[PDB]
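Notes follow the structure.
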Number of protein chains: 2
Amino acid sequence: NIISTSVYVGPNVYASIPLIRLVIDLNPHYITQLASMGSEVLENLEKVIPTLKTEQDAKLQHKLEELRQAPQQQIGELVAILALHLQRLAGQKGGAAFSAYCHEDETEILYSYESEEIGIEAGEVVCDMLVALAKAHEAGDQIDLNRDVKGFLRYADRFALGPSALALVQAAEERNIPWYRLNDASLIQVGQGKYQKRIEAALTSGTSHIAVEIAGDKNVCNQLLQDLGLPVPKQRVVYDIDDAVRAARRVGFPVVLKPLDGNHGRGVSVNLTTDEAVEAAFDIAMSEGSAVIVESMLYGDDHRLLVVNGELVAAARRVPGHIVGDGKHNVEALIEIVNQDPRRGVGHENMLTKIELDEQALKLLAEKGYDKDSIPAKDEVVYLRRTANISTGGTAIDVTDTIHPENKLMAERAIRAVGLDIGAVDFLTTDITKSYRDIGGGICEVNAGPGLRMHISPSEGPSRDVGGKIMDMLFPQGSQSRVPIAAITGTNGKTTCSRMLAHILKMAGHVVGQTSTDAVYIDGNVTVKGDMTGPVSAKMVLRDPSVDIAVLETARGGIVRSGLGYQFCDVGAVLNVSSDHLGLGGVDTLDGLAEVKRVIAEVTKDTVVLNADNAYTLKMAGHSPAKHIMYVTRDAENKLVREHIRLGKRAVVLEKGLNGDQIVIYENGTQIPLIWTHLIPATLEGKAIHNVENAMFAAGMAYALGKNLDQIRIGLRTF
Amino acid sequence: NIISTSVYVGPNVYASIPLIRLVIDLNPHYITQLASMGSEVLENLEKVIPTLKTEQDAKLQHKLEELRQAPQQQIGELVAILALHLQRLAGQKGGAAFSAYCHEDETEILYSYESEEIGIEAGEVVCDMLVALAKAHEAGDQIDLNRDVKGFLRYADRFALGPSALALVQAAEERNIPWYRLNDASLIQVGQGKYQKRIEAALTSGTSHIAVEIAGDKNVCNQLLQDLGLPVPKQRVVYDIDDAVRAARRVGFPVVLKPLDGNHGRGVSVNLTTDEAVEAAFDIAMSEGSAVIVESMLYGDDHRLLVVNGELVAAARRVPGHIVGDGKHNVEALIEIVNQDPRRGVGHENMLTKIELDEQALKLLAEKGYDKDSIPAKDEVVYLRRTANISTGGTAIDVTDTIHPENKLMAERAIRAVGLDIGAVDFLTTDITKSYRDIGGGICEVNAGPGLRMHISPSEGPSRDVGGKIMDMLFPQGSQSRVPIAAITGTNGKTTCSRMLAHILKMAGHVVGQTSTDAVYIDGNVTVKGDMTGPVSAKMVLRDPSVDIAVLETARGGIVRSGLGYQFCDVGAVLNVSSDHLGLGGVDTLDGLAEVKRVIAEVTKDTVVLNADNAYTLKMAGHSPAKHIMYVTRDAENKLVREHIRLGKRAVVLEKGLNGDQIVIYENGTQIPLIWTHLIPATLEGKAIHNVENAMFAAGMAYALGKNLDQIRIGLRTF
Ligand SMILES: Nc1ncnc2c1ncn2[C@@H]1O[C@H](COP(=O)(O)OP(=O)(O)OP(=O)(O)O)[C@@H](O)[C@H]1O
Ligand SMILES: Nc1ncnc2c1ncn2[C@@H]1O[C@H](COP(=O)(O)OP(=O)(O)OP(=O)(O)O)[C@@H](O)[C@H]1O
C-alpha cells in the first residue's frame, strides 16, 4: 500500500523517526466494509501478529483501535498504531506512532523505531494486512498474513544484534551513554570520539589480536598455561592420531580424542584404554580426516569460569541433559515428563531445550544398559547428551560464590597468560568447592570471548550482570566523559559565529569540530564537503577520535529533510532565520521557519541561547528544556534583562559606555563585560551591525561551555 | 659421531651453551690420515660450508684450524671450531666454542648458540664432515656433505624468526632488553613480567582483535574510511559479479575486478569499459568461483605509507619490474641487461628479483605491441609485472620526506578509524607530492600489519629504521623498567634467608617471586613445585606479569646440570655451600663447590654479597663484576672491614654492644645498625647461630635493592 519513504534521523518531528507514505487503492475502504469486517478485524490482528493484544502497557498513549473496529479504522492511523508491534514481536525496541492521515487518499505515518534496515517494511506488513483482510472472502485471521509476519520477523532477526551484544547495549543505555551499530552484525560502538570503544559482546578494544590468536591456538595455550604452573592436562604433543595406537601410548592409553577445526558437533571418542579401542576410535573421531588432537582422559564435570576485570563474574556448569529416576517411571516416560518444564521450548521465554530419544541420547542410554521402557533405580542418572549446548542444551547451574578462591585464581591466571580481558575458562572438576590440588588437569581451554548466552539468565542459582560487568571496565564511573559536549547552533551565521566559537574552544584548549556545509573541520584541517543534511556532518565529527566538543552548525535544508544528525544537545543557539527571501518554501515568514528553529531549541537541555530582539524566537523559551536562555539583545533598552536577569536568568546585552560598544554577559546577581565590538575583526572597527550578534552568541555559547573570561576574549578577538 | 647431548640454559660454563658428546669411531684418526687429507681438508671445509673462510672476524679468538690441516685436526676441537659457522650460513647468531677434548676417545664440545631447535645437529653435520672426508676415496669437498649442509640450513630457516620479526629482535637487543621466542614461528616476547609485551613484526599487544578483523574486512573498512571523509574509491557494493555486466554498470563501466580470499597471485582484470569486456572478465577474474569484488578503476601507482605511532616511518613505491628503452637494445636484450644488476638473485645480499619473459611478462609486452626482438623508443616503458611482490619483485623506491602532509594525514586517519597501531596504507596516486584533492580515490586498503620485508632496506632512497620505530612505542625511553631486578642468592638458606628477603621486598611494596624447589611463589601464593633445575623456576617468575623483583633462589643440583634459568643478575649472594657431607660428588671440599658457587658471583653486575668468614668464598670477589661485595661476617674482629669499608666497600658486621647482638651495615664512610638478632624470630631470642647469617644476608640483599632502613627492619622482623 506504500508509495514512498523518507526518514528523519534526528528530531525534526520530536525524535528520530521513519516516515511511511501510503495511498489508498481500496477506495471503498473500511467505513463501507463492516459485513466482512466486524469486531474480528481487531481479533484477527491479535492472532496474526500476537503483540497486538489488549495490553495497557503496549505503548498505549491513546486507546484507539478498540474503539474503531472496522467502521472507524482510519487505516492510515491504524497502520501507525499497529506498526512497531511487529518489531516488538521480533525483539526490537521502539516508541509511539502518530498523525498518519494527510492529503486526501494518502497517509504519512510517523512511527518511532531504532533501526532503518527493517524500517518501513514493518508498516508494509501492517498496511497490507488491513487492506488484504478487506479484500478477502471472510477468510479469518491468518489467511496468508502470518507468512508475511514470519518473513519479517526473520529479517528483523537477520539485522539484529545477537543476545550477547544486546547485553552490552542495554548495559550501555542504563548508564546513560549512546551507542551505534558500527561493524554490522553484532559489533557496536559505545560512546563518541575521544571516549568511544568498539566492543562486541565478550570482546573489547582492550584485547589484542595477539591475545585472541593465542587463545584460539590450543597448542600455544597449553604451553603458556603450563609455564604458569596451572593445573592443566597439557599433552598437546599428538598431531592427528600419530599413525594410530602410538598416539595414546605417548600420553597414556586412557584417552579422549578431541575434535578440532570446524567439527561443529562433538566428534569425541571417550574412555579408550586399549590399543584396539584407540585404533578404532582414531579413524572415527577424526571424521574430518585431519581434525583430532590426542589427550589423556581426566574426570570431572564441565565448568566455565567467566572472568572479566580479574573478577569472576559468572560461572556455569553445563551439565548435559539427563534423566534421574524417581523410582517409578521409565526412561521414555521421564523424557515426556522433563519436557513439561515450562521453561523448555522455542521462541520467547522458552530458553531451555527439549529432550528426545534421538541417536545421541540412544547411544548413551544403550551404553547404560537401557531399552527405554525399563525403570532406573531411584536417583540413578542416565545422560541423554554428551555436553553443554544452547539449542540442544541451555543448562547453566553453577555459582561464583562457593568456588574455592584458588580455582578462581587459576582461571584468572590462564586468561592473563594469553593476555585477554574476557574469557570463560573451560575447567573440569568433580568438586568446584575444593582447591585445584585435587583436580586432575582441570584447566583445559582459555575459551576467549564466550557467548554470554551460556551465562546470562542461568537455569539455576542467581543471575549475574555479565553485561554490566563488562561495561564497568570500559566506561567506568571513574571516567565521566563518554561523549563530547554537544553545543549546536541553529540555521544561522555558520560562517562567522561559528568561527568565533571554534576559536574560543580551540584557544580554550578543547578539540572542536564543525561542518558549515564546507568540508568537515576537525581542529586545524578538513576532509569531506557536501550535502550535509544532518547525519553526515554529525558522524564526521562525533565519531572522530579527537573531538571534545561537537558544534556542527546546522542548516534549514538539512533539517526539514532529515532532522539533526544527533538526538539532543547540552548547549545550542537560535539567531534570526527569517528574511524577505526564500527560506524553506511554504510560508517563510514567522511560520515555516518557526518549525525548523525549534528543532534546536527543544532538544537543548542546559543552555540555549536565544535572540531577544526577535519576538518570534522569544517563544522558544517556553518550549526548550534548557533554562538559562541567555537572551541576546542589541538593544540596551529591553524588558528581557530586568525581568529576566533579575529573576536568575542569563543574557548578553550590547550597551554603550566607558568601554565603547560592549558586549556584557549578565547572570543572576552580576554582570561582567567581556568584549568590545571595536576589538573584534568580525565587526570591523565597531560602529557596525554585521556580526555583532554573531560575536554575542559566540560569547553566549562560550558561557555555557565554561567561560573563564580570559580565553574567551582571546577566542572572540581571534578571527 | 655424536653419542649424547645436554644443554646449559644458563652460565654454568660462562654463558648459556649446548654441549655435544661424541665418540671417535675412526680410531686411525686424522693424525695417521694425511695422504688423502692434506691442506685440502681446510680448503674443502671452505667450500662445503662457505662461512668457514679465512676470515679474521669469524669469531677468531684463536687461529687454530689453519695451523692444523689434517695431522693436528684434533677433531673434537675442530668440530667445536667449525660448529656455529653452519648456523651463521643459515643467518643465525652465536659466539665462541671451546675445550672439546675430554676422556680418551671422547669429546664434549661447548659451543655458544642462541637456539635449541637446531642445537647439536649443526655439530653433527660438522663432525660427520670431518670423519666422512677421511672415510672417502680422495673425493674432494662437496662429496655428499653439501646435502647435509643444505638440509640443515633449511631446518635452521624453518625454526627461524622471519626478517620482519628479526627487525624487532635486533632493535630490542640494541636497546639492551631481553627477549624470548614466545609463540613459536615469528612471535617474540620482549621484556619480562610486569613490563613485557607480545609482539610479532608489524603487530603489537596494543592492537586489538577487533581492529585487526576490521582491517581484514574490506567492506567494513571502506565504509569506515568513507565516514572520515577519506579519498577512497568506496564502491564495495558488488558481491561476486552481480550476475555479470550489471556489476560494472552499478559502479561505472571502466572497472577493475579485484580478486579476494586465497587468490595468491593477482587474478585481476583491468581497464574493462564495455558490457562484453566485463562479462568476459567476470568469469576469468573470479577463477576461484566466489572471490571477486567489483570496483571502478582509478589511476595511479602503488604506494605504501607505513605508519606506526601516528608518524610515517617508511614508504614504498612498489613499482612492478619493467624495462625502459635506451634507444638501442630490444626487449629481450634489456632483460639480460637488467639481470646484471648485482643486487638481483637468490640467497644473502641478493635482495631483488630477476626478470624473465614468462607468461605474465609476455602478456604485458604483447599488450604493448612487442614480439621481444624490437627496440622500444628511448625512455619508453614496458611493464613485465603487474604489481609489487618480494620474490618476483623487491621494488621499494619511495620516500617519506617529500610526501605531501595531507596524504600523510589521510593515511594516519585510515589507520585510526580501524583502530590499528601499525599498518601501511595502500595508496594509489600519480603524484605523491601533491595533495589528495587531485588523487582519485587513492586510499584503497588499510593493509594492517604489513611484512616489513617490503619496507626495510629499500631498493632506492634512504633506509628507515622500521624496527626501531616500532620498538620506540613499545619500550620507550620514557619507561625504564623492562625487566625485574634480578636479585639471586646461591645454593644456600633458600628456606630462611629467602623468606626474610621476600618479606623485605613485599613489606617494601615490591612484587617479589622465588622458587626454593617448592611450589613457585609469587607474592602470597603458589602453583607448581618440582625439579627446579633452573629454567623452570626462572620462567615461572620472570614471565609472570606481576613481578618487580626476581629472587628465585638457586640450587647446586640444578646448576651443575643446567646452569641458571637466567643469564645475569644485578644483585646476588653466596653463603657457605660446603659441609662434611655429599654436595655435588666429585670432590665436595672447597673444590667442586667452588665451581658451582662462582656461577652466581660471576654473573652479578652490581652487588654480590659474599660470606667473609669463608676463606674459600672470599676469592669470588676477585672474579665478580659486582663491586660492592658486602662482605658478611659474624666475627667483629676481621680484616675485611677495616681494609674493606675504609676503602669504599660494603659489609655486614655482627657485633656486640648497647644494642645486644646487632647486625650493622657498613658502607664507605659510615655505618648504620639495622637489626637485633634478639628481635628476629628466625634467630630465636638472640644468643643463637642458626639463621644469623641468613638475616645478615637478607639485609645485605636489601641494601642493594634499596634499603630505606625502616621497611627493611619490618621485613627482617617479619618471619
Ligand atoms: N581430557 C579430557 N577429559 C574429559 N573430557 C575432555 C577432555 N578434553 C576434552 N574433553 C571434552 O571435550 C569437550 C570439547 O568439546 P568442543 O571443543 O568440541 O566443544 P565446543 O562446542 O567447540 O566448545 P568448547 O571449545 O568451548 O569446548 C570439553 O567440553 C570436554 O567435555
Ligand atoms: N580501483 C583500482 N584501480 C587500480 N588498481 C586497483 C584498484 N583496486 C585494486 N587495484 C589493484 O589491485 C591490487 C590488489 O592486489 P592484491 O590485493 O591481490 O595483492 P596482495 O598481494 O594480496 O596485497 P595487498 O592486499 O596489500 O594489495 C592493488 O595493489 C592495485 O594494484
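We label chains A, B, ... in the order they appear in the C-alpha cells, count residues from 1 in each chain, and number ligands from 1 in the order shown.
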Fill in: Exercise: range 495-502 of chain B partners within 10 Å, only C-alpha atoms, chain neighbours under 6 positions left out, as a ChimeraX atom specification
/B:487-489,508,510-518,521-523,549-553,680,682,690-702,712,714-719
Fill in: Within 9 Å of ligand 1 (only C-alpha atoms and all ligand atoms), residues as an MDAnalysis selection string
chainID A and resid 233 255:268 270:271 294:304 318 386:389 424:428 441:442 444:448 450
Residue subset to file, keeping N, CA and C atoms, as a compact mmCIF listing (two decimals), in the first residue's frame:
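Result file follows (part.txt):
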```
# COMPACT_ATOMS: atom_id res chain seq x y z
N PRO A 233 46.01 -30.48 31.71
CA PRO A 233 46.35 -31.80 31.23
C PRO A 233 47.56 -31.79 30.31
N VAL A 255 42.54 -42.47 26.98
CA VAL A 255 42.45 -41.22 26.24
C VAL A 255 41.08 -40.82 25.76
N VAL A 256 41.06 -39.55 25.40
CA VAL A 256 39.96 -38.84 24.81
C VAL A 256 40.45 -38.27 23.48
N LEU A 257 39.65 -38.45 22.44
CA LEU A 257 40.08 -37.92 21.17
C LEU A 257 39.30 -36.68 20.90
N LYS A 258 39.96 -35.53 20.99
CA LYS A 258 39.25 -34.28 20.88
C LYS A 258 39.22 -33.78 19.43
N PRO A 259 38.04 -33.48 18.87
CA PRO A 259 37.87 -32.98 17.53
C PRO A 259 38.38 -31.56 17.44
N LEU A 260 38.89 -31.20 16.29
CA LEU A 260 39.40 -29.87 16.01
C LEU A 260 38.70 -29.19 14.85
N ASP A 261 39.23 -28.03 14.50
CA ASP A 261 38.81 -27.29 13.32
C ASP A 261 37.31 -26.97 13.30
N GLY A 262 36.63 -27.30 12.19
CA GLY A 262 35.23 -26.98 12.01
C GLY A 262 34.27 -28.04 12.52
N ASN A 263 34.76 -29.05 13.24
CA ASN A 263 33.80 -30.04 13.66
C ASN A 263 32.87 -29.35 14.66
N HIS A 264 31.64 -29.11 14.18
CA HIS A 264 30.56 -28.40 14.87
C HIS A 264 30.00 -29.16 16.05
N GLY A 265 29.77 -30.44 15.82
CA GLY A 265 29.19 -31.30 16.82
C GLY A 265 30.35 -31.80 17.60
N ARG A 266 30.18 -32.86 18.38
CA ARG A 266 31.32 -33.29 19.15
C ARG A 266 31.78 -34.66 18.74
N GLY A 267 32.67 -34.71 17.74
CA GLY A 267 33.24 -35.96 17.27
C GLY A 267 34.32 -36.39 18.26
N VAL A 268 33.90 -36.70 19.48
CA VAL A 268 34.83 -37.03 20.53
C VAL A 268 34.68 -38.46 20.94
N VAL A 270 35.61 -41.27 23.76
CA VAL A 270 35.98 -41.24 25.17
C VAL A 270 36.25 -42.60 25.77
N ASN A 271 36.98 -42.58 26.89
CA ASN A 271 37.25 -43.75 27.72
C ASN A 271 37.88 -44.88 26.94
N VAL A 294 45.18 -35.75 20.37
CA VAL A 294 45.01 -36.83 21.35
C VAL A 294 45.50 -36.41 22.73
N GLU A 295 44.62 -36.54 23.73
CA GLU A 295 44.97 -36.16 25.10
C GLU A 295 44.56 -37.26 26.05
N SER A 296 45.20 -37.38 27.21
CA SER A 296 44.70 -38.36 28.16
C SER A 296 43.38 -37.87 28.72
N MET A 297 42.61 -38.81 29.25
CA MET A 297 41.33 -38.52 29.86
C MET A 297 41.43 -38.11 31.32
N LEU A 298 40.76 -37.03 31.68
CA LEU A 298 40.70 -36.62 33.07
C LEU A 298 39.23 -36.61 33.44
N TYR A 299 38.89 -36.78 34.70
CA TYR A 299 37.47 -36.78 35.00
C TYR A 299 37.03 -35.57 35.78
N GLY A 300 35.82 -35.13 35.46
CA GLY A 300 35.16 -34.01 36.10
C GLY A 300 34.01 -33.53 35.24
N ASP A 301 33.22 -32.60 35.76
CA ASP A 301 32.09 -32.06 35.01
C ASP A 301 32.57 -30.86 34.21
N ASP A 302 31.67 -30.24 33.45
CA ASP A 302 32.01 -29.10 32.60
C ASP A 302 31.72 -27.73 33.21
N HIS A 303 32.73 -27.07 33.77
CA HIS A 303 32.53 -25.78 34.40
C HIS A 303 33.10 -24.67 33.54
N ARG A 304 32.50 -23.50 33.65
CA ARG A 304 33.01 -22.33 32.99
C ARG A 304 33.13 -21.21 33.96
N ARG A 318 27.75 -26.73 32.75
CA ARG A 318 26.99 -27.05 31.57
C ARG A 318 26.66 -28.52 31.52
N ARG A 386 25.93 -35.56 25.33
CA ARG A 386 27.34 -35.63 25.71
C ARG A 386 27.83 -34.41 26.50
N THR A 387 27.42 -33.18 26.13
CA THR A 387 27.87 -31.98 26.86
C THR A 387 27.17 -30.68 26.43
N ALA A 388 27.01 -29.74 27.37
CA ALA A 388 26.61 -28.35 27.13
C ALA A 388 25.48 -28.08 26.13
N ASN A 389 25.78 -27.17 25.17
CA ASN A 389 24.92 -26.62 24.10
C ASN A 389 23.95 -25.55 24.54
N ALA A 424 36.07 -17.38 29.45
CA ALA A 424 35.50 -18.26 30.46
C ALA A 424 36.25 -19.55 30.50
N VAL A 425 37.10 -19.70 31.49
CA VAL A 425 37.98 -20.84 31.46
C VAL A 425 37.20 -22.11 31.52
N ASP A 426 37.57 -23.01 30.63
CA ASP A 426 36.96 -24.31 30.47
C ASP A 426 37.66 -25.20 31.46
N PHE A 427 36.96 -25.44 32.57
CA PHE A 427 37.51 -26.11 33.72
C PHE A 427 36.77 -27.39 34.09
N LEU A 428 37.50 -28.47 34.18
CA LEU A 428 36.90 -29.73 34.53
C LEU A 428 37.18 -30.13 35.96
N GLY A 441 44.06 -31.87 36.24
CA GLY A 441 44.21 -31.19 34.96
C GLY A 441 42.94 -30.46 34.62
N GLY A 442 42.32 -29.87 35.62
CA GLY A 442 41.07 -29.17 35.37
C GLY A 442 41.09 -28.06 34.30
N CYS A 444 41.45 -26.77 30.83
CA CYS A 444 41.65 -27.37 29.53
C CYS A 444 41.76 -26.33 28.43
N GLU A 445 40.91 -25.30 28.48
CA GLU A 445 40.92 -24.26 27.44
C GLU A 445 40.68 -22.88 28.04
N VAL A 446 41.25 -21.84 27.41
CA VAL A 446 41.00 -20.47 27.88
C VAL A 446 39.62 -19.97 27.45
N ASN A 447 39.13 -20.45 26.29
CA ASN A 447 37.79 -20.07 25.82
C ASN A 447 37.56 -18.57 25.74
N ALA A 448 38.38 -17.89 24.95
CA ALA A 448 38.29 -16.45 24.86
C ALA A 448 36.97 -16.01 24.27
N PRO A 450 33.51 -15.92 25.10
CA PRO A 450 32.43 -16.88 25.07
C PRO A 450 31.11 -16.22 24.76
```
Discussion item. Please check the contacts: residues of chain A at most 8 Å away from chain B, using only C-alpha atoms, listed as a PyMOL selection string.
Written reply: chain A and resi 183+198-199+203-212+214+220+227-230+416+527-528+536+539-540+544
Discussion item. Please report the interatomic distance between CA of residue 317 in chain B and CA of residue 361 in chain B in Å with one decimal.
Written reply: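 Spanning CA of residue 317 in chain B to CA of residue 361 in chain B is a straight-line distance of 19.7 Å.
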Response to the item:
Here CA of residue 465 in chain A and CA of residue 431 in chain A stand apart by 24.8 Å
Fill in: Backbone-only DSSP, alpha helix (DSSP H) members of range 326-370 of chain B, as a ChimeraX atom specification
/B:331-338,359-367
Contacts of residue 390 in chain B at 12 Å (only C-alpha atoms; same-chain gap of 4+ positions) as a PDB file with C-alpha atoms, in the first residue's frame:
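Everything below was put into out-v1.pdb:
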```pdb
ATOM      1  CA  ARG B 318      56.146  -0.941  -5.364  1.00  0.00           C
ATOM      2  CA  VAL B 319      56.802  -0.390  -8.995  1.00  0.00           C
ATOM      3  CA  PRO B 320      56.491  -3.643 -10.957  1.00  0.00           C
ATOM      4  CA  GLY B 321      59.566  -4.812 -12.808  1.00  0.00           C
ATOM      5  CA  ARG B 344      69.465  -9.407  -8.072  1.00  0.00           C
ATOM      6  CA  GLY B 345      69.447 -13.143  -7.440  1.00  0.00           C
ATOM      7  CA  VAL B 346      68.892 -15.557  -4.574  1.00  0.00           C
ATOM      8  CA  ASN B 350      70.730 -10.564  -3.452  1.00  0.00           C
ATOM      9  CA  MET B 351      67.500  -8.973  -2.284  1.00  0.00           C
ATOM     10  CA  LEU B 352      65.970  -8.195  -5.715  1.00  0.00           C
ATOM     11  CA  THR B 353      64.212 -10.494  -8.190  1.00  0.00           C
ATOM     12  CA  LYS B 354      65.156 -11.400 -11.733  1.00  0.00           C
ATOM     13  CA  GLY B 394      61.564  -6.394  -4.352  1.00  0.00           C
ATOM     14  CA  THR B 395      60.959  -2.850  -5.633  1.00  0.00           C
ATOM     15  CA  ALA B 396      60.688  -0.186  -2.954  1.00  0.00           C
ATOM     16  CA  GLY B 451      55.530  -7.503   6.034  1.00  0.00           C
ATOM     17  CA  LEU B 452      58.485  -5.240   6.731  1.00  0.00           C
ATOM     18  CA  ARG B 453      60.310  -7.126   4.034  1.00  0.00           C
ATOM     19  CA  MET B 454      58.678  -4.644   1.671  1.00  0.00           C
ATOM     20  CA  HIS B 455      59.978  -1.503   3.577  1.00  0.00           C
ATOM     21  CA  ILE B 456      63.218  -2.290   5.380  1.00  0.00           C
ATOM     22  CA  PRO B 458      64.546  -0.288   0.185  1.00  0.00           C
ATOM     23  CA  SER B 459      65.756  -0.531  -3.413  1.00  0.00           C
TER      24      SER B 459
END
```
Worksheet item: In terms of the shortest atom-to-atom distance over only C-alpha atoms, which of B:109, B:149, B:313, B:555 is closest to residue 88 in chain B?
Response: B:149
Worksheet item: Any idea what's packed within 12 Å of residue 120 in chain A, counting only C-alpha atoms, ignoring anything in its chain fewer than 2 positions away? Could you give it as a PyMOL selection string?
Response: chain A and resi 1-7+17-22+79-80+83-84+86-87+108-118+122-127+152+156
Item to complete: Using backbone DSSP assignments, extract all strand (DSSP E or B) residues from range 224-292 of chain A; output them as a PyMOL selection string.
Response: chain A and resi 238-239+255-259+269-272+292
Let me see the file: selected residues, C-alpha atoms, as a tab-separated table (two decimals), in the first residue's frame.
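Okay, again27.tsv is ready:
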```tsv
chain	number	residue	atom	x	y	z
A	238	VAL	CA	49.92	-35.55	19.30
A	239	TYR	CA	49.21	-34.41	15.78
A	255	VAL	CA	42.45	-41.22	26.24
A	256	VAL	CA	39.96	-38.84	24.81
A	257	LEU	CA	40.08	-37.92	21.17
A	258	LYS	CA	39.25	-34.28	20.88
A	259	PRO	CA	37.87	-32.98	17.53
A	269	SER	CA	35.76	-40.51	21.48
A	270	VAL	CA	35.98	-41.24	25.17
A	271	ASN	CA	37.25	-43.75	27.72
A	272	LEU	CA	39.51	-45.55	25.29
A	292	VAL	CA	41.97	-34.53	16.05
```
Worksheet item: For ligand 2, which residue out of B:621, B:632, B:102, B:232 is the nearest one, using only C-alpha atoms and all ligand atoms?
Response: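 Using only C-alpha atoms and all ligand atoms, the shortest distance to ligand 2 belongs to B:232.
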Discussion item. With distances taken over only C-alpha atoms and all ligand atoms, which residue among B:202, B:449, B:349, B:172 lies nearest ligand 2?
Written reply: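 With only C-alpha atoms and all ligand atoms as the atom set, the closest residue is B:449.
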Exercise: residue 174 in chain B partners within 10 Å, only C-alpha atoms, chain neighbours under 5 positions left out, as a CSV table (one decimal) with N, CA and C atoms, in the first residue's frame:
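Once everything was written out, this is part.csv:
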```
chain,number,residue,atom,x,y,z
B,168,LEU,N,62.7,-6.5,14.8
B,168,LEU,CA,62.3,-6.1,16.1
B,168,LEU,C,63.3,-6.7,17.2
B,169,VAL,N,63.8,-7.8,16.8
B,169,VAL,CA,64.7,-8.5,17.7
B,169,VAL,C,66.0,-7.7,17.8
B,468,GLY,N,63.2,-0.1,14.8
B,468,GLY,CA,63.4,0.8,15.9
B,468,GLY,C,62.1,1.6,16.2
```
Practice prompt. Mind checking which residues fall within 9 Å of residue 408 in chain A, counting only C-alpha atoms, ignoring those fewer than 6 positions away in the same chain, and posting them as a VMD selection string?
Written response: chain A and resid 305 307 311 to 312 400
